[PDB]
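Structure record follows, encoded as structure tokens.
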Amino acid sequence: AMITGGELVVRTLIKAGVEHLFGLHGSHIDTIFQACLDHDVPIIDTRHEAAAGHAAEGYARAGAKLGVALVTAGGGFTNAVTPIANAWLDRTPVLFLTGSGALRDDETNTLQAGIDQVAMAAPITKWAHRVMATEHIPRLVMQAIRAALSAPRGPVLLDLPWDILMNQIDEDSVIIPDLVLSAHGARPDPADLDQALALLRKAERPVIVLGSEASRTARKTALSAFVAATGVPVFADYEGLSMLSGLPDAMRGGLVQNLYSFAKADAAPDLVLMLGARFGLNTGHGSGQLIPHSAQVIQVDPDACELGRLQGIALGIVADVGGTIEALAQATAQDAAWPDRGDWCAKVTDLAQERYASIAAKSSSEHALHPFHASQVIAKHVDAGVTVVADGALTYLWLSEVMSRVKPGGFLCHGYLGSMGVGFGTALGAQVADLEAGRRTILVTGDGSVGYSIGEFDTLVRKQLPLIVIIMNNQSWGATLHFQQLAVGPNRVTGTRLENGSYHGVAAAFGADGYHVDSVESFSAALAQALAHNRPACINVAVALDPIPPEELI
Amino acid sequence: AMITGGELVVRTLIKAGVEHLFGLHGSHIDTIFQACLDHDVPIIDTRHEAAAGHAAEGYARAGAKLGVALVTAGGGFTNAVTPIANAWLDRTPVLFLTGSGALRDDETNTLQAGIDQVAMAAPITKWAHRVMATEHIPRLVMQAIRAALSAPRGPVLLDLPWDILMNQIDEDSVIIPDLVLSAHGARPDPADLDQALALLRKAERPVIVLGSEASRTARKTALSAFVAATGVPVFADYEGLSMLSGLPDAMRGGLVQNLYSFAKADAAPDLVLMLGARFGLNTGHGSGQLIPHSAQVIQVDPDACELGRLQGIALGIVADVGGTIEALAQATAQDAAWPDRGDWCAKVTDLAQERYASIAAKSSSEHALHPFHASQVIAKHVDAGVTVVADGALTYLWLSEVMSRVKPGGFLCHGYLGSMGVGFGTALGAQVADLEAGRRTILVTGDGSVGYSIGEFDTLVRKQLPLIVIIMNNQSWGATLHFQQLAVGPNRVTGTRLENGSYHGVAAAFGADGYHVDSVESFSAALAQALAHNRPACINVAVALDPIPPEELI
Amino acid sequence: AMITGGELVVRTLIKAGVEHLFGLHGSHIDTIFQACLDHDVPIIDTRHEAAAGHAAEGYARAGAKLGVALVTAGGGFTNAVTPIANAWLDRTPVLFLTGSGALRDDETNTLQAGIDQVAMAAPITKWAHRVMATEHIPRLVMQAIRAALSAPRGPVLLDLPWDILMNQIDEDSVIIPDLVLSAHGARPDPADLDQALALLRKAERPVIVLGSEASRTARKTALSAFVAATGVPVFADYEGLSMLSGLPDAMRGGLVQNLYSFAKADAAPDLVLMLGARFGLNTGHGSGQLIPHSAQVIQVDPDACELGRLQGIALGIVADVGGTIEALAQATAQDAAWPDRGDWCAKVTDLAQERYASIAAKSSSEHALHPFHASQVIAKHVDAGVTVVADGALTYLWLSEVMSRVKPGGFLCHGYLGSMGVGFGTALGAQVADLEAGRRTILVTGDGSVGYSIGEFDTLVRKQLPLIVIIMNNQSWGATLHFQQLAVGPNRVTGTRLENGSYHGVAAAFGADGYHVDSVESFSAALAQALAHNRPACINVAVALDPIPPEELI
Ligand SMILES: COP(=O)(O)[C@@](O)(c1ccccc1)c1sc(CCOP(=O)(O)OP(=O)(O)O)c(C)[n+]1Cc1cnc(C)nc1N
Ligand SMILES: COP(=O)(O)[C@@](O)(c1ccccc1)c1sc(CCOP(=O)(O)OP(=O)(O)O)c(C)[n+]1Cc1cnc(C)nc1N
Ligand SMILES: COP(=O)(O)[C@@](O)(c1ccccc1)c1sc(CCOP(=O)(O)OP(=O)(O)O)c(C)[n+]1Cc1cnc(C)nc1N
Ligand SMILES: COP(=O)(O)[C@@](O)(c1ccccc1)c1sc(CCOP(=O)(O)OP(=O)(O)O)c(C)[n+]1Cc1cnc(C)nc1N
Ligand SMILES: [Ca+2]
Ligand SMILES: [Ca+2]
Ligand SMILES: [Ca+2]
């Protein structure tokens, strides 16, 4: 009859539909651990709270659902701050559940207390709040979930004092609310949708650019219907890329990065329809190099701040991206009078091929394995049944060159934070979500980045998650070493070299399969072997450092 | 060719469509004052930054547009804090432009610097930011405006360093952006809209409740079309009241407080459609006294946190309230005949009438003028050409009982903050907005509350604003004195009596017309005379303290 | 046996030795009001929380003790923010006690809640904290007081939820702690004190500069002993000025401002001993105009950040200023071998006279009363039995010219915030403290500044505080109008004129004595008459606008 506050948390999460949590144990949060045991709710316990926080992100991004992180008081929270900051800029729906010092014995200099965790998370969350009463738990947890899941998606910090969690109350008096929040996002006014479709109809070279919000809602059947009716080529940033996987080949522009060479071929887009894609790092800021200044821009984003923040736009609609794609498909289903644009769809594909073929001709593995050749080996295994998680710096910049011609089930790369090392946790959580959908997860990381969470091979083995970790070992912090050589001088390299360590040996010591390769053939076999087994795998790949990816210079 | 940073602010403001500013001069913000002088943009300068901030709120609320407050470094900002907090909780679109210490001489213990103004405003603003470069001004001002105007509406702080404002750049080097933000808000998914209407048709006693976001968008014709087609009675909180003024009489429930006596009469609403109305103070929190626990609730709000915040709902839609109303009118114009609902509308009217009649029978002006009788005198002068601003606890609690039967052009009352004294500034700015709309502003306030900004009679006289200030003088901080008597004891009054001061004398000293009255006949005459003149006025009304308004008890 | 949380607050304040509180009533904080009634502890209730907050500052500054402000939830707190910011930069010990929304019904959109008051005050307090349990009240209130009173002095925000205050607990179980904090501040290491005294002994032109921390501890008998033994001239900023009142005339350098002309007469100080005085607005930043670059600087400040922040120093000691003055006196009491320096003490006095005599020759009241002549009239009445509070801009800049030759009991002027209008509240609280010591308080304010808190004449009358309010009426926001004329042009004056209002008429309407004067003779009589009566007084003084004070240009 009397239940704990931690029991109230879990019962509310269950009603919200959460099936997995990611965390690291603390006594402060044991009531949640105990309640999850009773309800058969798995908590994937990691070796670092950061890895657990990133895992919650990866699960959310790969699964297009809510991710739930569970950390303890003090160091538990502070270790989860990078994940929060990452999810903030990436717009990923994660409920960060954290313990804190009991409300009683406030200001007593006790263990794991004395830190204002809410204030620390306030600048990097949609909502950061501390629970003041055990009876408030169900409604506040549900409020937190509603905040995280709504447009634009983002992290929420819910702080649960040890006091509030251990407290026992009458279960018959406290109500557990349902998640009553519409799955269909708000759509544009018909007049705005008409104006958008009217501009798209008279455009000579229209282009659609998808952002992260297009991935969160994942209206794939609606997207295909709109694209098949209009015949407009679709581009996407890293986070929007997996949304292109269900589209016909002739309509796939790929990553927005290869819209760079369009100005030179006098093929700079006439109209650009930005759906969730923001003006920033991925879309070339307000330089006009990707999104042209001469082009008329229709931008749809749940945040009005983003509406033409770095560039003049022709139309700015505040609405949900999933709802807009749904609306665009619905309106165009009865239209049936759209221009051909087959020649324009051929031009965007040829220009993307022009880029890829140019890089291939300049790449050679005559002495050491070229990063681009290493990227191709992975690309050969990438389809709708595979989630690719990208970390490192040169590693991801090289990998992006092969990603726009394959159709991944998921592509989870760096966002605005660009924080090295987030990939391991991200991929771990992604694999948990991929197990549900019957997909395989592959992490492509740098030798520098992998060291951040290399202890997670233990978690892979303990939890039997068949994640394949590919380390692009160029014996250094690559892109930073490249900056030292190019921006300062060839003899000005310090603190960027990493000429030590057997990463596959580390993985083997944790119980995971460890491969080490230094050629195309050996890497091909190791990757094929890793895919064939239902085990955690590490593939340490010896890769050349000298080559400069086009995206580094740009 | 060379223009100041202040010029960039003003040129962006003009391109945004702002015609009035409210502020207090400072040397740090002089470049904005000088630029407004050149462009003939009037800055209504007050005697307190709080009044200027409140005036911008009142201008925003009465004119259903963007209010712009303009304050200086240090104390200029800190004096604007209450207006910011008030605009935050009330959801009013106000751009707060503030000066700050120069970026040069940072951390030099200089005049009006040394306080982190953004950090202070961050917990109570949609966005708070400090400009780092003069070149960034136009895009940042525009971004701030887009943030303020978008759902849910709210205040934005733009911190503009003296250094940044004084700096001069070539006018052709930085472009002034247009306000490219759709005036049409996002609307619900057709499926959600159809479920809402399906519930509305099936309901036996359906009710609509409007909130602040309905007033901000002001889709009056759409609301009228939707209401007439469905025949469903409409209620509103304080801020949504003026949106009932264009609606047919039989469909008017008045203020949401009227729902209280519906449970006793077995007439508790079967269904309630909440449009912008949040679960909180004005709707009876989660008590179920106004919004019944047994009712099926359709809630429409731009913020997902609010959806079923304190009470379980049947359907939670995240969308713009104005866009939703427009979508509801559009859908109900082209569907099947809706049920009559004539008898239910009559029941709503009669219960509101029975409350009004019950108070009138218990109100007696023998010995001293009764607050309800004083409220009736004002009520006989309220219509579409009148904006009523309410302050002062017991004052507005009594005044609310007469506001449902009348149809004001605007009704600006306390929100969640419930800060005494905000009314004067609010009414001052509302009068500026009413002047271009051809309306008259009347402030109804307490003797305690008026003292906060009593120096604004000077501003009324200097700027020739014909605001009528009605002071309900019960010679005390009334409601708080009642709290002491009811909750503690009869001999337990302390710090709540104000048995001093001729407020009509104060106004006269500032040059305003000053009336002192103590009866129905004398107050009627004074108010009639004040309405007949194009002059600012103060009517000091001696009123009884003992009467307890129904709304105080509940 | 069972007592409220508000009772615990008052019992703790009593044990701390507080005899007065300054506030404005709210139901949220009624338990404190009720407990003060029972214990005969006066709460000076004002007409604005800002005035109450400033009153707490003034009481603290004039009394050299702890000031206690008491404000309610929501608007109560936000109205008190300017006082907090002012006390923060001024380093004045004030305990800001604020109500807030009950911890139960957190996140319920209820009255006066939903604002994070702690986060808003965090950037401008030594400590901002919310009380989480009724049992914690006594220890946390005492902790707050210890924080405010210790070096450097500053404001503390203690947030007391309505919940926590109304809660009743067993009085026999909760202990009320004593204030156990040493009144003698920490002193420098003997080696540092020796090095300081050794530099002072060989110096040709040594000067002592006192800051606010010298006033807070007020070690007057120790200061005189050190000055009489060494014969070093003593300067002070506005806040340190009253500490010079017990010194011999030949040792009084006055305000640090007249150290400006020392470089021209080749009398730029050889050594400067800064005691609590910071590098900033009052000491001419790091320009070298007051504190020379060639001079060796010994700086003593409880904050290490301040130790040579804008200028190179020779010795930096982190210690309490009161403890240092005590230590300097103790060491020099047995020394008795100090150089004469009578000629240097004569030179500093002559240079101060040179300044005063130069201004007098340029001042004329032939057409309108000159601000300097008006300042002289006040100066004639200023001694150890008088506290002078200075507001306005030109008003205080002119008044500072006559202050360095009189010996005020107190001088409370603007600090770094420079916030216009703070003077009324400041003076009101100062008068309460002056009633204890048998002193009279005189506020010298501008016509612009007085409008901020002009309703406080009511409080003066209600509480029978004999404060004399002198308004220097130049029909405008003077210094800002001067900036428009000098920095932009003679025809570029907007929003700075105030050609309306009878301020004495306003004061008379509130029940206070109202004088209006426009000549030396009439002002002399009005001031003499105001001093003769034990009543609140307003002296509206017609004063010339055109004259430019030397401190404005500098
Ligand atoms: C009472 O609180 P407890 O939860 O029991 C814990 O916080 C603790 C217990 C006793 C002393 C100090 C800390 C402890 S003790 C503890 C186990 C440490 O395991 P380890 O194998 O390192 O040493 P040992 O105890 O087996 O000798 C954990 C995970 N926590 C929670 C925790 C999680 N993540 C981070 C970053 N810091 C933490 N303190
Ligand atoms: C331009 O800025 P850069 O400093 O060069 C850097 O931030 C970056 C990020 C994205 C693309 C290119 C460079 C990068 S790139 C980089 C090297 C990564 O080395 P890694 O071995 O993982 O991959 P690779 O580049 O050698 O293939 C570092 C250390 N940083 C700074 C950094 C430090 N610590 C953390 C948590 N995150 C970071 N991003
Ligand atoms: C329940 O809380 P209460 O303390 O009773 C109070 O906050 C209140 C009471 C009923 C409705 C709304 C607010 C009220 S009501 C109230 C008295 C208002 O006096 P006034 O003479 O203005 O009008 P009236 O009641 O006599 O008609 C005060 C001082 N307060 C606290 C307060 C103090 N300072 C500021 C800036 N805002 C505030 N709300
Ligand atoms: C150099 O900056 P300035 O803007 O000129 C100003 O801040 C100032 C402060 C100290 C000395 C000189 C000027 C001043 S001086 C000033 C005029 C004060 O007029 P007042 O009638 O009170 O006295 P006087 O100068 O005419 O004798 C104003 C409005 N401001 C800006 C301001 C606005 N609102 C608040 C709460 N505090 C402020 N300080
Ligand atoms: Ca690498
Ligand atoms: Ca009243
Ligand atoms: Ca003046």
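By convention in this document, the chains of the structure tokens carry letters A, B, ... by their order, each chain's residues are numbered from 1, and ligands are numbered from 1 in the order they are shown.
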
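Near residue A:494, within 12 Å and counting only C-alpha atoms, sit residues 476, 477, 478, 480, 481, 482, 483, 484, 485, 488, 489, 490, 491, 497 and 498 of chain A, not including residues fewer than 3 positions from it in the same chain.
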
Please write the residues from the selection above to a file, keeping N, CA, C and O atoms, as a PDB file, in the first residue's frame.
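Written output follows (again_20.pdb):
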```pdb
ATOM      1  N   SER A 476      47.294   9.759 -33.694  1.00  0.00           N
ATOM      2  CA  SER A 476      47.234  11.174 -33.314  1.00  0.00           C
ATOM      3  C   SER A 476      45.822  11.744 -33.199  1.00  0.00           C
ATOM      4  O   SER A 476      44.852  11.149 -33.679  1.00  0.00           O
ATOM      5  N   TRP A 477      45.727  12.904 -32.546  1.00  0.00           N
ATOM      6  CA  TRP A 477      44.565  13.779 -32.655  1.00  0.00           C
ATOM      7  C   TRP A 477      44.681  14.486 -34.012  1.00  0.00           C
ATOM      8  O   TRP A 477      45.250  15.581 -34.110  1.00  0.00           O
ATOM      9  N   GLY A 478      44.136  13.848 -35.047  1.00  0.00           N
ATOM     10  CA  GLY A 478      44.399  14.197 -36.448  1.00  0.00           C
ATOM     11  C   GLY A 478      44.112  15.608 -36.931  1.00  0.00           C
ATOM     12  O   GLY A 478      45.027  16.307 -37.380  1.00  0.00           O
ATOM     13  N   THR A 480      43.403  18.310 -35.370  1.00  0.00           N
ATOM     14  CA  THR A 480      44.119  19.312 -34.585  1.00  0.00           C
ATOM     15  C   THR A 480      45.595  19.376 -34.967  1.00  0.00           C
ATOM     16  O   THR A 480      46.193  20.455 -34.960  1.00  0.00           O
ATOM     17  N   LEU A 481      46.173  18.219 -35.294  1.00  0.00           N
ATOM     18  CA  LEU A 481      47.543  18.141 -35.803  1.00  0.00           C
ATOM     19  C   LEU A 481      47.637  18.797 -37.181  1.00  0.00           C
ATOM     20  O   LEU A 481      48.619  19.478 -37.486  1.00  0.00           O
ATOM     21  N   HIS A 482      46.608  18.577 -37.999  1.00  0.00           N
ATOM     22  CA  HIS A 482      46.484  19.193 -39.320  1.00  0.00           C
ATOM     23  C   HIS A 482      46.380  20.714 -39.232  1.00  0.00           C
ATOM     24  O   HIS A 482      46.931  21.424 -40.076  1.00  0.00           O
ATOM     25  N   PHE A 483      45.671  21.202 -38.213  1.00  0.00           N
ATOM     26  CA  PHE A 483      45.553  22.637 -37.957  1.00  0.00           C
ATOM     27  C   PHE A 483      46.905  23.247 -37.584  1.00  0.00           C
ATOM     28  O   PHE A 483      47.232  24.350 -38.020  1.00  0.00           O
ATOM     29  N   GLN A 484      47.679  22.521 -36.779  1.00  0.00           N
ATOM     30  CA  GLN A 484      49.013  22.960 -36.369  1.00  0.00           C
ATOM     31  C   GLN A 484      49.978  23.046 -37.552  1.00  0.00           C
ATOM     32  O   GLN A 484      50.796  23.963 -37.624  1.00  0.00           O
ATOM     33  N   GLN A 485      49.869  22.094 -38.478  1.00  0.00           N
ATOM     34  CA  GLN A 485      50.715  22.061 -39.673  1.00  0.00           C
ATOM     35  C   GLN A 485      50.331  23.140 -40.687  1.00  0.00           C
ATOM     36  O   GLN A 485      51.204  23.808 -41.249  1.00  0.00           O
ATOM     37  N   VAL A 488      49.839  27.090 -38.590  1.00  0.00           N
ATOM     38  CA  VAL A 488      51.013  27.606 -37.876  1.00  0.00           C
ATOM     39  C   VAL A 488      52.331  27.257 -38.581  1.00  0.00           C
ATOM     40  O   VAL A 488      53.142  28.142 -38.858  1.00  0.00           O
ATOM     41  N   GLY A 489      52.534  25.970 -38.864  1.00  0.00           N
ATOM     42  CA  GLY A 489      53.749  25.499 -39.532  1.00  0.00           C
ATOM     43  C   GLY A 489      54.005  24.011 -39.353  1.00  0.00           C
ATOM     44  O   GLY A 489      53.537  23.415 -38.382  1.00  0.00           O
ATOM     45  N   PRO A 490      54.768  23.401 -40.285  1.00  0.00           N
ATOM     46  CA  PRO A 490      55.045  21.958 -40.261  1.00  0.00           C
ATOM     47  C   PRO A 490      55.819  21.500 -39.020  1.00  0.00           C
ATOM     48  O   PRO A 490      55.684  20.347 -38.602  1.00  0.00           O
ATOM     49  N   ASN A 491      56.613  22.402 -38.445  1.00  0.00           N
ATOM     50  CA  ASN A 491      57.407  22.106 -37.249  1.00  0.00           C
ATOM     51  C   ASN A 491      56.759  22.551 -35.931  1.00  0.00           C
ATOM     52  O   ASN A 491      57.405  22.538 -34.878  1.00  0.00           O
ATOM     53  N   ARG A 497      50.046  14.289 -30.993  1.00  0.00           N
ATOM     54  CA  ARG A 497      50.488  12.956 -31.396  1.00  0.00           C
ATOM     55  C   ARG A 497      50.112  11.908 -30.351  1.00  0.00           C
ATOM     56  O   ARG A 497      50.177  12.169 -29.148  1.00  0.00           O
ATOM     57  N   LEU A 498      49.706  10.729 -30.820  1.00  0.00           N
ATOM     58  CA  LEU A 498      49.327   9.615 -29.945  1.00  0.00           C
ATOM     59  C   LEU A 498      49.944   8.306 -30.444  1.00  0.00           C
ATOM     60  O   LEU A 498      49.240   7.405 -30.912  1.00  0.00           O
TER      61      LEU A 498
END
```

Check which residues of chain C sit at most 12 Å from ligand 7 using only C-alpha atoms and all ligand atoms, and return one row each with the closest pair of atoms and their distance in Å to one decimal, ordered by chain and rising number, as a tab-separated table.
```
residue	atom	partner	partner_atom_place_in_ligand_line	distance
C:371	CA	ligand 7	1 (Ca)	9.6
C:390	CA	ligand 7	1 (Ca)	11.7
C:391	CA	ligand 7	1 (Ca)	9.3
C:392	CA	ligand 7	1 (Ca)	6.0
C:393	CA	ligand 7	1 (Ca)	7.1
C:394	CA	ligand 7	1 (Ca)	6.8
C:395	CA	ligand 7	1 (Ca)	6.1
C:396	CA	ligand 7	1 (Ca)	9.5
C:397	CA	ligand 7	1 (Ca)	11.1
C:398	CA	ligand 7	1 (Ca)	10.9
C:420	CA	ligand 7	1 (Ca)	10.6
C:421	CA	ligand 7	1 (Ca)	11.2
C:444	CA	ligand 7	1 (Ca)	9.9
C:445	CA	ligand 7	1 (Ca)	7.1
C:446	CA	ligand 7	1 (Ca)	3.5
C:447	CA	ligand 7	1 (Ca)	4.4
C:448	CA	ligand 7	1 (Ca)	5.7
C:449	CA	ligand 7	1 (Ca)	7.4
C:450	CA	ligand 7	1 (Ca)	8.8
C:451	CA	ligand 7	1 (Ca)	10.7
C:470	CA	ligand 7	1 (Ca)	10.5
C:471	CA	ligand 7	1 (Ca)	7.2
C:472	CA	ligand 7	1 (Ca)	5.0
C:473	CA	ligand 7	1 (Ca)	4.7
C:474	CA	ligand 7	1 (Ca)	4.8
C:475	CA	ligand 7	1 (Ca)	6.6
C:476	CA	ligand 7	1 (Ca)	5.9
C:477	CA	ligand 7	1 (Ca)	6.0
C:478	CA	ligand 7	1 (Ca)	5.5
C:479	CA	ligand 7	1 (Ca)	8.3
C:480	CA	ligand 7	1 (Ca)	10.4
C:481	CA	ligand 7	1 (Ca)	10.4
C:482	CA	ligand 7	1 (Ca)	11.5
C:496	CA	ligand 7	1 (Ca)	10.6
C:497	CA	ligand 7	1 (Ca)	10.1
C:498	CA	ligand 7	1 (Ca)	9.1
C:499	CA	ligand 7	1 (Ca)	11.1
C:540	CA	ligand 7	1 (Ca)	10.5
C:541	CA	ligand 7	1 (Ca)	9.5
C:542	CA	ligand 7	1 (Ca)	9.3
C:543	CA	ligand 7	1 (Ca)	8.0
C:544	CA	ligand 7	1 (Ca)	9.2
C:545	CA	ligand 7	1 (Ca)	8.0
C:546	CA	ligand 7	1 (Ca)	11.5
```

Rows by chain and residue number, chain C within 7 Å of chain B, shortest pair, only C-alpha atoms, as a tab-separated table:
```
residue	atom	partner	partner_atom	distance
C:25	CA	B:495	CA	6.2
C:26	CA	B:480	CA	6.4
C:27	CA	B:480	CA	6.0
C:33	CA	B:494	CA	6.9
C:45	CA	B:495	CA	5.9
C:47	CA	B:451	CA	6.1
C:48	CA	B:452	CA	5.7
C:74	CA	B:417	CA	5.7
C:75	CA	B:419	CA	4.6
C:78	CA	B:82	CA	5.2
C:79	CA	B:82	CA	6.1
C:81	CA	B:78	CA	6.2
C:82	CA	B:78	CA	5.1
C:108	CA	B:280	CA	5.7
C:109	CA	B:280	CA	4.4
C:110	CA	B:281	CA	4.7
C:111	CA	B:416	CA	5.0
C:112	CA	B:417	CA	4.5
C:113	CA	B:417	CA	6.8
C:116	CA	B:123	CA	6.4
C:119	CA	B:123	CA	6.9
C:120	CA	B:120	CA	4.6
C:121	CA	B:120	CA	6.9
C:123	CA	B:116	CA	6.4
C:124	CA	B:115	CA	6.9
C:279	CA	B:109	CA	6.9
C:280	CA	B:109	CA	4.5
C:281	CA	B:110	CA	4.8
C:285	CA	B:108	CA	6.6
C:310	CA	B:108	CA	6.8
C:416	CA	B:111	CA	5.0
C:417	CA	B:112	CA	4.6
C:418	CA	B:112	CA	5.9
C:419	CA	B:75	CA	4.5
C:451	CA	B:455	CA	5.5
C:452	CA	B:48	CA	5.7
C:454	CA	B:455	CA	6.8
C:455	CA	B:451	CA	5.6
C:458	CA	B:501	CA	6.4
C:480	CA	B:27	CA	6.0
C:483	CA	B:27	CA	6.8
C:495	CA	B:45	CA	6.0
C:496	CA	B:25	CA	6.6
C:500	CA	B:510	CA	6.8
C:501	CA	B:510	CA	4.2
C:502	CA	B:509	CA	5.0
C:505	CA	B:509	CA	5.2
C:506	CA	B:506	CA	4.6
C:509	CA	B:502	CA	5.0
C:510	CA	B:501	CA	4.2
C:511	CA	B:501	CA	6.3
```

Practice task
Within stretch 370-470 of chain C, find each residue whose DSSP state, derived from the backbone, is strand (DSSP E), and express the selection as a list in words.
Solution key: residues 386, 387, 388, 389, 390, 410, 411, 412, 440, 441, 442, 443, 444, 445, 446, 468, 469 and 470 of chain C

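Overlaying chain B onto chain A with least squares across the full set of in-order Cα pairs produces an RMSD of 0.3 Å.
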
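With atom CA of residue C:106 on one side and atom CA of residue C:161 on the other, the separation reads 10.3 Å.
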
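Between atom 33 (C, counted along the ligand's line) of ligand 2 and atom CA of residue A:239 the interatomic distance comes to 21.6 Å.
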
List the spatial neighbours of stretch 528-530 of chain A as a tab-separated table (two decimals) with C-alpha atoms, in the first residue's frame - criterion: any atom at most 12 Å away, only C-alpha atoms, same-chain residues fewer than 2 positions off excluded.
```tsv
chain	number	residue	atom	x	y	z
A	377	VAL	CA	35.07	-0.67	-47.09
A	378	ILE	CA	32.52	0.37	-44.44
A	380	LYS	CA	29.96	-1.45	-48.82
A	381	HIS	CA	28.22	-2.86	-45.72
A	382	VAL	CA	25.87	0.09	-45.13
A	440	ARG	CA	23.31	-3.69	-36.60
A	441	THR	CA	25.27	-0.74	-35.21
A	442	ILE	CA	28.73	0.27	-36.44
A	466	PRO	CA	27.06	-6.80	-30.65
A	467	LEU	CA	28.39	-3.29	-31.42
A	468	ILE	CA	31.27	-3.11	-33.89
A	469	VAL	CA	33.78	-0.39	-32.98
A	470	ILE	CA	35.99	0.69	-35.88
A	512	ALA	CA	35.54	-8.31	-26.74
A	513	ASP	CA	36.87	-9.50	-30.11
A	514	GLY	CA	39.96	-7.49	-31.10
A	515	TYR	CA	41.04	-7.10	-34.73
A	516	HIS	CA	44.04	-5.13	-35.97
A	521	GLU	CA	42.08	-6.71	-47.74
A	522	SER	CA	42.65	-7.33	-44.01
A	523	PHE	CA	40.13	-4.62	-43.04
A	524	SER	CA	37.56	-6.08	-45.47
A	525	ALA	CA	37.88	-9.54	-43.88
A	526	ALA	CA	37.88	-8.26	-40.28
A	532	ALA	CA	29.13	-12.47	-39.07
A	533	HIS	CA	29.40	-12.86	-35.28
A	534	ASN	CA	26.85	-11.87	-32.63
A	535	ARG	CA	29.59	-10.41	-30.42
A	536	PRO	CA	31.07	-7.03	-29.43
A	537	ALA	CA	33.99	-6.28	-31.75
A	538	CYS	CA	36.88	-3.86	-32.03
A	539	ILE	CA	38.61	-3.26	-35.36
```

Practice task
Please run DSSP on the backbone and report, as a ChimeraX atom specification, all residues within stretch 216-369 of chain A that come out as alpha helix (DSSP H).
Solution key: /A:216-217,220-230,321-332,342-362

Handout entry: Selected residue, from C:254, C:177, C:385, C:312, that lies nearest to residue C:9 when counting only C-alpha atoms
Key = C:177

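Going from atom CA of residue C:351 to atom CA of residue C:261 covers 7.5 Å.
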
Completion exercise
Using only C-alpha atoms and all ligand atoms, the best pick from C:358, C:100, C:168, C:311 as closest to ligand 3 would be C:100
